[PDB]
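Undergrad: below: the sequence, then the experimentally determined structure.
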Amino acid sequence: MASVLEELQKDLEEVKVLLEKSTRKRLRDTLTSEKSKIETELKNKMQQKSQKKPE
């Protein structure tokens, strides 16, 4: 869990760095794309077990 949090935080930090450096509008693209991935991975990792039916 701390693992997952750390990885998400690290990716988010890389995002912040990219946003800051790529202040030339790129921020928008970066944020939109990568935030989706961050959220997706968070949701994946949380739900992953959750007594989920083997669909």
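TA: Happy to help now that I have it. Residues are numbered from 1 along each chain as shown.

Undergrad: CA only for contacts and neighbour counts going forward, please
TA: Noted.

Undergrad: quick one: list the elements packing against the helix or strand that contains residue 4.
TA: With elements delineated by DSSP states H and E, residue 4 resides in helix 2-21, which encompasses its position. The criterion is 3 or more Cα pairs under 8 Å, 6 or more residues apart in numbering; DSSP states H and E, and the helices and strands that helix 2-21 contacts are helix 27-47.

Undergrad: what's the helix it packs on packed up against?
TA: helix 2-21.

Undergrad: center of the chain, which residue is that?
TA: The centre of the chain sits closest to residue 38, judged by Cα atoms, centre = their mean, with a distance of 1.4 Å.

Undergrad: list the buried residues of the helix holding residue 4.
TA: Residues of helix 2-21 classed as buried: 8, 11-12, 15, 19 (neighbour count, 16 or more other Cα atoms under 10 Å).

Undergrad: can you list the residues you listed in CSV and add distance to residue 31?
TA: Output for the buried residues of helix 2-21, formatted as CSV (distance: Cα to Cα, whole Å):
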residue, distance to residue 31
8, 14
11, 11
12, 9
15, 7
19, 7
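
Undergrad: nearest to residue 26 among these?
TA: Lowest distance from residue 26 to the buried residues of helix 2-21 (Cα to Cα) belongs to residue 19, with 7.1 Å.

Undergrad: just checking, that closest one touches residue 26?
TA: Yes. In this structure, residue 19 is within contact of residue 26 by Cα atoms under 8 Å, at 7.1 Å.

Undergrad: re the thing from before, if you skip the residues just before and after it, what's nearest to the residue nearest to the centre of the chain?
TA: Counting by Cα to Cα, 6 or more residues apart in numbering, the nearest residue to residue 38 once its immediate chain neighbours are dropped is residue 8, at 6.2 Å.

Undergrad: gap between the one you found and residue 51?
TA: According to Cα to Cα, to the nearest Å, residue 8 and residue 51 sit 23 Å apart.

Undergrad: repeat for residue 27
TA: The value you get for residue 27 to residue 51, if Cα to Cα is used, is 38 Å.

Undergrad: more neighbours, these two?
TA: Of the pair residue 27 and residue 51, residue 27 is the one with more neighbours under other Cα atoms under 10 Å, namely 18 against 7.
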